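J.:
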Amino acid sequence: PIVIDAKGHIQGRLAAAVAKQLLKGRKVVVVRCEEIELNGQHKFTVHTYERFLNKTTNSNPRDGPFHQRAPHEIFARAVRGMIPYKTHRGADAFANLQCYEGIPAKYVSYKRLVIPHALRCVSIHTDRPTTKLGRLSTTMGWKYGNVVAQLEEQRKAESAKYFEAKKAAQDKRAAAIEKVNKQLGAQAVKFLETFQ
Amino acid sequence: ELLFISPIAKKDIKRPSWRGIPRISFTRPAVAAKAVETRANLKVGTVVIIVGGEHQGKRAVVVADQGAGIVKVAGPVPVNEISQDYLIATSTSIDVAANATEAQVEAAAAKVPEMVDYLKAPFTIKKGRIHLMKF
Amino acid sequence: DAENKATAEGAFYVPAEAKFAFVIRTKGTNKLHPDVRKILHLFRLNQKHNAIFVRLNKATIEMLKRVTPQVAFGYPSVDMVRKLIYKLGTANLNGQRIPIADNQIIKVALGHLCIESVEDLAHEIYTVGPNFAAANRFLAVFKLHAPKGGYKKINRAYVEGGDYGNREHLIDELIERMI
Amino acid sequence: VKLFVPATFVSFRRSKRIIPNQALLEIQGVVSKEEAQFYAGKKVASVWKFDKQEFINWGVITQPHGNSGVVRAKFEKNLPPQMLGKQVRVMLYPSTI
Amino acid sequence: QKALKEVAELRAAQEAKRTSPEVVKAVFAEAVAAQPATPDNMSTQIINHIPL
Amino acid sequence: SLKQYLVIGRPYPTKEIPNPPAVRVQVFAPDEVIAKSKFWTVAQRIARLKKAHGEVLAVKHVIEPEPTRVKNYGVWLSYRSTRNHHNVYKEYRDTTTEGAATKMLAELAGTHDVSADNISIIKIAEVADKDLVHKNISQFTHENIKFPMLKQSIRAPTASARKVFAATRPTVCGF
Amino acid sequence: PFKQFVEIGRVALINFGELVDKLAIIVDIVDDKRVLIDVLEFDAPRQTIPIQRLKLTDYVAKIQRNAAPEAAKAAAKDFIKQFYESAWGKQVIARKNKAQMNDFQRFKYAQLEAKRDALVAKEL
RNA sequence: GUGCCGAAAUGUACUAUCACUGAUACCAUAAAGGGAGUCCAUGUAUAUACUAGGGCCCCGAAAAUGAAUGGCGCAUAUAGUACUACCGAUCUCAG
Numbered sequence: 004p005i006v007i008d009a010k011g012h013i014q015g016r017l018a019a020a021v022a023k024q025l026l027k028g029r030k031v032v033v034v035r036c037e038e039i040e041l042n043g044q045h046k047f048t049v050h051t052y053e054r055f056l057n058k059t060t061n062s063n064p065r066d067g068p069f070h071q072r073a074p075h076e077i078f079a080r081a082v083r084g085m086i087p088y089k090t091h092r093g094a095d096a097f098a099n100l101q102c103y104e105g106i107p108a109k110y111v112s113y114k115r116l117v118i119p120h121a122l123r124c125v126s127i128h129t130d131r132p133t134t135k136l137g138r139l140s141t142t143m144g145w146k147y148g149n150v151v152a153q154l155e156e157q158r159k160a161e162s163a164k165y166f167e168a169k170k171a172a173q174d175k176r177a178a179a180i181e182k183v184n185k186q187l188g189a190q191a192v193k194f195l196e197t198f199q
Numbered sequence: 003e004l005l006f007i008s009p010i011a012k013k014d015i016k017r018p019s020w021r022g023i024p025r026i027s028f029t030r031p032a033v034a047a048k049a050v051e052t053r054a055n056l057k058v059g060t061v062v063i064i065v066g067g068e069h070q071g072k073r074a075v076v077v078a079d080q081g082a083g084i085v086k087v088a089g090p091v093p094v095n096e097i098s099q100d101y102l103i104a105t106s107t108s109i110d111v112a113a114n115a116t117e118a119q120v121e122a123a124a125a126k127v128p129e130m131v132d133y134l135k136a137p138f139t140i141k142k143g145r146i147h148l149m150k151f
Numbered sequence: 061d062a063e064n065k066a067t068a069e070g071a072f073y074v075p076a077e078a079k080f081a082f083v084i085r086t087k088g089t090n091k092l093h094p095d096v097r098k099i100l101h102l103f104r105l106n107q108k109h110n111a112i113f114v115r116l117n118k119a120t121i122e123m124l125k126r127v128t129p130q131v132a133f134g135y136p137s138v139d140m141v142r143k144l145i146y147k148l149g150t151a152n153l154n155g156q157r158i159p160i161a162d163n164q165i166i167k168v169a170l171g172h173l174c175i176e177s178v179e180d181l182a183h184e185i186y187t188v189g190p191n192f193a194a195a196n197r198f199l200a201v202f203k204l205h206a207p208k209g210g211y212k213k214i215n216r217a218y219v220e221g222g223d224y225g226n227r228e229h230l231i232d233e234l235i236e237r238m239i
Numbered sequence: 005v006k007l008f009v010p011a012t013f014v015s016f017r018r019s020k021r022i023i025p026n027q028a029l030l031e032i033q034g035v036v037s038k039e040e041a042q043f044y045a046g047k048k049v050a051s052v053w054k055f056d057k058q059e060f061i062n063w064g065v066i067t068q069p070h071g072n073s074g075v076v077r078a079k080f081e082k083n084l085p086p087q088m089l090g091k092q093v094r095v096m097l098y099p100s101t102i
Numbered sequence: 319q320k321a322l323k324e325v326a327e328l329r330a331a332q333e334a335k336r337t338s339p340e341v342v343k344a345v346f347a348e349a350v351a352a353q354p355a356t357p358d359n360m361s362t363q364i365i366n367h368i369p370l
Numbered sequence: 002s003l004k005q006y007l008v009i010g011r012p013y014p015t016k017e018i019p020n021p022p023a024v025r026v027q028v029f030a031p032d033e034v035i036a037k038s039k040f041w042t043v044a045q046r047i048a049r050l051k052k053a054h055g056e057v058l059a060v061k062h063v064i065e066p067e068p069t070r071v072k073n074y075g076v077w078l079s080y081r082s083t084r085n086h087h088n089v090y091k092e093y094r095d096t097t098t099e100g101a102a103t104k105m106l107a108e109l110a111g112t113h114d115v116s117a118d119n120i121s122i123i124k125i126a127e128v129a130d131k132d133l134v135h136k137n138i139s140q141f142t143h144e145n146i147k148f149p150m151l152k153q154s155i156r157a158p159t160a161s162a163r164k165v166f167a168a169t170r171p172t173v174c175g176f
Numbered sequence: 002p003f004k005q006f007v008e009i010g011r012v013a014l015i016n017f018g019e020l021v022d023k024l025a026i027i028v029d030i031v032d033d034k035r036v037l038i039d040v041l042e043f044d045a046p047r048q049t050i051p052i053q054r055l056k057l058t059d060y061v062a063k064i065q066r067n068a069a070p071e072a073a074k075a076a077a078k079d080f081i082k083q084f085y086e087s088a089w090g091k092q093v094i095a096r097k098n099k100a101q102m103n104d105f106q107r108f109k110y111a112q113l114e115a116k117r118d119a120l121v122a123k124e125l
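Chains as they are written, first to last, in the deposited numbering: chain O, 4 to 199; chain E, 3 to 34, 47 to 91, 93 to 143, 145 to 151; chain F, 61 to 239; chain f, 5 to 23, 25 to 102; chain C, 319 to 370; chain S, 2 to 176; chain M, 2 to 125.
Written out as C-alpha cells, the structure is:
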C-alpha cells in the first residue's frame with residue numbers, strides 16, 4: 004500500500020502514473036489532493052470547470068453527471084477516465100485508489116513517495132502561471148477548504164516534534180558509529196565506505 | 003544417389019522447356047550433428063551457485079568435470096551430478112586437484128580466509145538485481 | 061589503381077556502369093494498373109517480397125521506369141550474388157520449384173551450356189556472360205522475408221526519404237537483413 | 005521449488021483491440038531492452054492453491070518486448086484472465102549467463 | 319575467404335588515402351573554390367530610377 | 002545525417018563536340034545515391050543538362066580538415082512561401098558546414114515553417130569574427146562568457162537505472 | 002543567485018550517454034544548448050555535447066579557448082583530486098566499486114555489516 | 001502508431017507557441033481584411049528613426065436537448081524538422 008504526497012504535482016500527469024500502476028495490481032493511496040496544481044491562470048481554470056457544470060441531462064438533472072467540487076473527487080474523476088472502469092478488472096482496480104485532502108491520522112506514519120516526472124517544475128516551463136486544486140475548488144464552492152488549512156497547521160507542528168527527536172537519535176548514532184570504526188580496523192573501514 | 007538424373011529426349015509439346023534447359027526425369031533404375051559441449055569458465059575447483067532441483071541457493075565446488083556438459087558437485091551439504100543448466104559460475108576458484116573427497120574441500124577452503132563460512136551460507140534473493149549482479 | 065592513376069594525372073576515372081540488377085518486389089498485388097502488372101509478370105515477380113537478377117539494357121531499364129513505384133532494386137556485389145544462391149537458391153526445373161541441394165541438379169540442366177556447378181552459375185550472373193538468360197531462367201524466383209529493421213515509407217521513393225526505385229549500391233545493405 | 009524473481013502478469017500480448026497464446030510480464034527490477042536480455046531462455050512458474058493441493062504451471066521466457074523490460078512468455082497451460090495483476094515466479098535456469 | 323580478406327584490405331587501404339591530412343585539405347580547398355561570390359543585396363527587386 | 006558532397010558531371014560526347022565543359026555542384030545529402038539526384042536537379046534547372054544525356058564523373062565526399070574546433074558559418078539562402086520568395090542571410094556556430102546546414106533546415110521548418118523542398122541555398126562559407134555581423138552569435142566569440150544551466154534534466158544516467166518513484170524530491174534549479 | 006556557471010575551463014560530470022560518469026572539461030563554448038568538451042580520464046576524441054546531459058561542479062581550470070589536448074589535462078590535475086576527496090565525488094567511486102563487486106566480496110560486506118551493527122547495538 | 005484508456009520510447013537532437021486556445025490525408029468547414037503580441041528578418045539613413053516581408057498566436061468568427069482533438073486529460077501529450085529503437089494484418093518468411 005503506497006502513499007503519495009501529491010503536493011507539487013500536476014493532475015493529469017499523476018493520474019496517468021497512478022492509473023497505470025492500479026492496473027498492474029497494486030494498492031495506492033494519494034494524500035494532499037488539494038495541493039495538486041493544474042496548468043493555467045485562475046481565470047482559465049475556472050472557465051474550464053464552468054463548462055463542465057453546464058453538462059447536465061435535460062430530461063432530469065438527477066440522472067445527470069455529478070459535479071464533484073471537493074479536490075479529492077475531482078482527482079478521482081480524472082483517474083476514472085484513464086481506467087476501463089465499467090469492466091470487472093477496472094472496477095476492482097478503481098476500488099483500490101484513495102484520495103485525501105490533508106494527510107489523515109491513519110497515514111501519517113507511512114513513508115511518502117513522490118513520482119518525479121509528474122512534478123510541475125519538470126513538465127511546465129518557468130514563467131507560466133499555475134493554480135492549486137484547493138484554490139479552484141473553493142471558488143467552485145467547496146466549503147471545506149478553510150477547514151483543511153487549520154488541520155494542516157496542527158499536524159505540521161506535531162510533525163516538527165518528531166524530527167527534533169529523530170535528530171537526537173541519529174546524531175548519537177553517528178557518535179556511536181565513530182567508535183566502532185576503530186574496533187574493526189583502518190582497512191575494514193575502507194571496504195565498507197569505498198568498496199575495495 | 004542424385005546420379006542417374008538425366009534430361010528427357012522427347013520434345014512432346016504438352017510440356018515445353020523455354021531456354022536451352024530441358025525437363026529433368028529425376029529417376030533411378032528399378033533394381034534395388048551437434049557437440050553439446052562442456053561450458054568454459056567451469057574449471058576443476060570453481061565455486062558455483064546451485065539453482066535447480068533439490069538444492070537451491072546452496073553453493074558448491076566442482077570437484078571434477080565429467081564432460082559432455084555435466085559436472086559432479088561436492089561441498090558441505093555434496094557429490095551430486097547436475098548439468099550446466101542448474102549452475103552459475105562465480106569468479107572464485109579454490110585449489111583442489113582431487114576427485115570427490117568431501118574432507119579435502121573444507122581442508123583446502125580453511126586456507127582462504129572465511130571461505131568455509133562462505134560455502135555453507137545460503138544464496139537468496141531480496142528487495143532491491146541479478147542481471148546487474150556481476151557474477 | 062586505374063582510379064588512383066587519373067587523380068595523380070588530372071583526369072577522372074568514371075567507372076563501368078552496372079551490367080545487371082536485383083529487383084525486389086516491395087508492394088503486393090491489388091489496386092494496380094494492367095500495363096504495370098503485365099510488366100511484373102514478365103520479370104516473374106508475382107508475389108510480394110520476390111526477387112530475381114535482371115540484365116540492364118535500354119529494353120529492361122525503360123520497362124523498370126514504368127514499374128518503379130512497385131519495386132526496390134539496385135546493383136549487387138559479388139559477395140551478395142554468392143550468398144543468395146548458396147542459401148536461398150533454387151532451380152525451377154520443369155515448373156517444379158526444386159531446392160538446389162547438390163551440384164548434380166545443375167549439371168543436368170546446364171552442363172551443355174558449360175555451367176557445371178554452383179560456382180559456375182553464380183559466375184554467369186555477375187560477369188553477365190553469353191548464357192545469362194539461361195542461367196537466370198534456371199533459377200526460380202527468390203523468396204525473402206520482410207527485413208529486421210523494417211523500412212521507412214513504402215509509397216515514397218528512396219531518393220525522397222522512402223524506399224522504392226533505384227538505390228544503386230545500397231541494395232546490399234537491404235538484402236543482408238531480408239535474408 | 006523456492007528461489008525466483010517476482011514478476012507480475014501485466015497483460016496478454018495484443019494489438020490495440022485484440023488479445025492468449027503468449028503473455029507479458031514485468032519482472033521486478035528490470036527496466037531495459039539490454040537489461041531484460043538476461044532472462045531470455047529462463048523458466049517461469051505460476052503457482053496456486055486449491056486448498057491442500059498446490060499446483061504449478063510452466064512457463065518460459067522467449068524474447069524481450071518493447072523498451073520497458075517487459076518480456077514475452079509461453080506457458081504449457083496458458084494463463085487465465087483472473088491472474089491479471091497477480092505474481093508469478095521467474096526461476097533463473099537454464100543459465101548460460 | 320582468402321580473396322575477400324584481400325579485397326577487404328584493398329578497399330580499407332583506399333580509406334587511408336581518403337582520410338589523409340594531405341588529400342582532405344585539397345578536397346576542402348576545391349569545395350571552398352567552388353562556392354559563389356558574396357551577394358551585396360538581397361530582396362526580390364532592386365528598383366532603379368535613373369533620370370530618363 | 003547530411004554530408005557535404007561535390008559532384009562533377011558532363012554531357013556525352015557528340016561528334017560535333019567531344020570533350021565538352023563539365024560542371025560541379027555542392028550538394029547536401031545523407032549518402033552518395035541521393036547526392037547524384039540533387040546534382041541532376043540543379044544541373045537540369047540551370048545549366049540545361051539532363052539525366053538522359055550526361056555522365057556523372059566524381060562524387061567527392063567533403064570531410065573537414067579539422068572537426069576538433071568551432072567555426073562561424075554564414076548561410077545565404079532563398080526559401081519559398083506561398084505567394085512570395087524571400088532572400089535571407091542567416092548564420093550559425095558549429096563544428097562543420099554540414100551541421101550548420103542541418104541546423105537551418107530545422108530552424109526554417111521551426112521559425113518560418115518551410116520544408117527542404119522549398120529551400121534553395123546560395124552560399125555556405127566559414128567566416129571570421131571581424132566580418133561577422135549578427136548580435137546573438139557575436140556574444141559567443143567574446144571572452145568571459147558565463148551562462149548558468151537553469152532547468153536541469155531528470156533522466157536516467159543509464160537506461161537500466163530509471164525509476165517511477167522517489168522518496169526525496171528532485172531539485173531542478175540551475176544549481 | 003546562481004553560483005556555478007557554464008564556462009571555458011570548468012570540470013563537469015557527464016550523466017547521460019556513452020560517456021556517463023566520466024569527468025571532463027569545457028575547452029570551448031558553441032551555443033545555448035551545446036558545448037565542445039574534452040574528456041580527461043578515458044582518452045576519447047574531444048567532441049560536441051549537449052549541456053543538459055552534462056552536469057556541473059564547483060571547480061575551474063585556467064585555460065585558453067580551444068586548448069591543446071594534454072595541455073588542458075595538466076590544468077585539471079588539482080581539481081580531480083579535490084573532486085574525489087569531496088563527499089559528492091566519493092559516491093561516484095562507491096557506485097563504481099559496488100558495481101564491480103563479485104559474489105564472495107558481497108558475503109564479506111554482509112558479514113562486516115553484522116559485526117558493525119552488533120557492536121553499535123551494545124553502546125545503547 | 002508508442003502519457004493513461006491501448007500493445008509500443010512522456011526517446012535522442014533542433015527550432016517556434018499563451019490563446020475560455022490548438023491538436024495528423026480522403027474528413028467532416030471558415031474567407032476578404034486588420035495587430036509596437038512574440039520569433040526570424042530586407043533595404044536605407046544616421047545605439048536610434050523609417051519598413052520589404054515571413055511563420056506561430058490573436059481579432060474578423062452568432063442557433064436552438066447537455067457535447068465531444070474518440071475520451072481522460074495535456075501546456076516540452078500544441079506547431080514544424082531530422083535520426084534510431086519499438087508495437088502492429090489472415091501480407092511476407094519458417095515448420
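The beta-carbon is built from N, C-alpha and C at its ideal position, and this holds for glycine as well.
Applying a beta-carbon distance threshold of less than 8 Å, which residues of chain M neighbour residue 150(E)?
T.: For this step, residue 150(E) is matched to residue 134 along the second sequence. The answer, in chain order, is 100, 101, 102, 103.
J.: Curious, which full-length beta strand (DSSP E) runs of at least 3 residues does the stretch 64-128 of chain F contain?
T.: Those beta strand (DSSP E) runs which fall completely within the stretch 64-128 of chain F and span 3+ residues are 80-85, 110-115.
J.: Using DSSP's beta-bridge definition, name the partner residues of residue 78(E).
T.: Position 64 of the second sequence holds residue 78(E). In the DSSP output, where bridge partners are listed per residue, residue 78(E) has 86(E).
J.: Let me make sure I understand the geometry here. Which of 115(M), 106(M), 9(M), 124(M) has the alpha-carbon closest to that of residue 57(M)?
T.: Taking the first residue of the seventh sequence as 1, we reach residue 57(M) at position 56. Closest by alpha carbon: 9(M).
J.: At the 8 Å Cβ level, is residue 136(E) part of the contact set with chain M, yes or no?
T.: Within the second sequence, the letter at position 121 stands for residue 136(E). So yes, residue 136(E) belongs to the interface.
J.: Apart from the five residues just before and just after residue 85(O), which ones in its own chain have a Cβ nearer than 7 Å to its Cβ?
T.: To locate residue 85(O), count along the first sequence from 1; it is residue 82. Contacts found: 18, 19, 22.
J.: Residues of chain M with CB closer than 7 Å to the CB of residue 101(E), please, in chain order.
T.: Translated into the one-based positions of the second sequence, residue 101(E) becomes position 86. Per Cβ cutoff of 7 Å: no residues; residue 101(E) is ~17 Å from chain M at best.
J.: Helix, strand or coil for residue 39(M) per DSSP?
T.: The residue you call residue 39(M) lines up with position 38 of the seventh sequence. Strand, per DSSP.
J.: How would you label residue 145(O), buried or exposed, when you count the other beta carbons within 10 angstroms and need 16 or more for buried?
T.: Translated into positions along the first sequence, residue 145(O) becomes position 142. When all chains shown are included, residue 145(O) counts as buried.
J.: Considering only the beta carbon of each residue, do residue 30(O) and residue 4(O) sit closer than 8 Å?
T.: In the first sequence, the residue the question calls residue 30(O) occupies position 27. In the first sequence, the residue the question calls residue 4(O) occupies position 1. Yes, these two residues count as a Cβ contact at 8 Å.
J.: What residues in its chain sit with their C-beta under 6 Å from that of residue 159(F), if we drop five residues either side in the sequence?
T.: Along the third sequence, one-based indexing puts residue 159(F) at 99. Here the set comprises 150.
J.: Which whole-angstrom value is the C-beta distance of residue 73(M) and residue 29(M), which I expect to be below 8 Å?
T.: Your numbering for residue 73(M) matches position 72 in the seventh sequence. Your numbering for residue 29(M) matches position 28 in the seventh sequence. Actually they do not touch by this definition, with Cβ atoms about 10 Å apart.
J.: Tell me which residues share the same chain as residue 98(f) and place their Cβ nearer than 8 Å to its Cβ, disregarding the 5 neighbours each side in the sequence.
T.: Counting from one through the fourth sequence, the residue named residue 98(f) turns up at place 93. If we look at residue 98(f) and ignore the five residues flanking it on each side, its Cβ neighbours are 47, 48.
J.: Less than 8 Å between the C-beta atoms of residue 86(F) and residue 186(F), yes or no?
T.: Within the third sequence, numbered from 1, the residue matching residue 86(F) stands at position 26. Within the third sequence, numbered from 1, the residue matching residue 186(F) stands at position 126. The answer is no: Cβ separation not under 8 Å.
J.: At the level of alpha carbons, what is the spacing between residue 120(E) and residue 133(E)?
T.: Taking the second sequence and counting its residues from 1, one reaches residue 120(E) at position 105. Taking the second sequence and counting its residues from 1, one reaches residue 133(E) at position 118. Whole-angstrom Cα-Cα distance: 13 Å.
J.: Do you know offhand how far residue 78(M)'s Cα is from residue 43(M)'s?
T.: Your numbering for residue 78(M) matches position 77 in the seventh sequence. Your numbering for residue 43(M) matches position 42 in the seventh sequence. The alpha-carbon atoms of residue 78(M) and residue 43(M) are separated by roughly 14 Å.
J.: Out of 17(S), 15(S), 16(S), 10(S), state which residue places its alpha-carbon closest to the alpha-carbon of residue 73(F).
T.: Locating residue 73(F) in the third sequence gives position 13, counting from the first residue. If we check each option's Cα against that of residue 73(F), 10(S) comes out closest.
J.: Can a CB atom of chain S be found closer than 8 Å to the CB of residue 37(f)?
T.: Mapped onto the fourth sequence, residue 37(f) falls at position 32. Taking Cβ atoms only, chain S reaches closer than 8 Å to residue 37(f), which makes this a yes.
J.: Per DSSP, residue 227(S) is paired with what?
T.: Summary: the structure shown does not reach residue 227(S), with chain S confined to residues 2 through 176, and so no result is reported for it.
J.: Which whole-angstrom value is the C-beta distance of residue 82(F) and residue 133(F), which I expect to be below 8 Å?
T.: Taking the first residue of the third sequence as 1, we reach residue 82(F) at position 22. Taking the first residue of the third sequence as 1, we reach residue 133(F) at position 73. So it is a contact: roughly 6 Å between Cβ atoms.
J.: So, at 8 Å on beta carbons, what are the nonlocal neighbours of residue 81(E) in its own chain, with the 5 sequence-adjacent residues on each side left out?
T.: As a first step, residue 81(E) is located in the second sequence; it is residue number 67 there, counting from the start. Correct list, in chain order: 52.
J.: Any residues in the stretch 9-34 of chain O with a beta carbon nearer than 9 Å to a beta carbon of chain f? Which ones, in chain order?
T.: The stretch 9-34 of chain O vs chain f, Cβ under 9 Å: 26, 27, 28, 29.
J.: What is the rounded straight-line gap between the Cα of residue 106(F) and the Cα of residue 97(F)?
T.: Locating residue 106(F) in the third sequence gives position 46, where the first residue counts as 1. Locating residue 97(F) in the third sequence gives position 37, where the first residue counts as 1. Residue 106(F) and residue 97(F): Cα-Cα distance of roughly 8 Å.
J.: Which bits of chain M does residue 166(E) rub up against, with CB to CB less than 9 Å?
T.: Not covered by the structure: residue 166(E). The range shown for chain E is 3 to 151.
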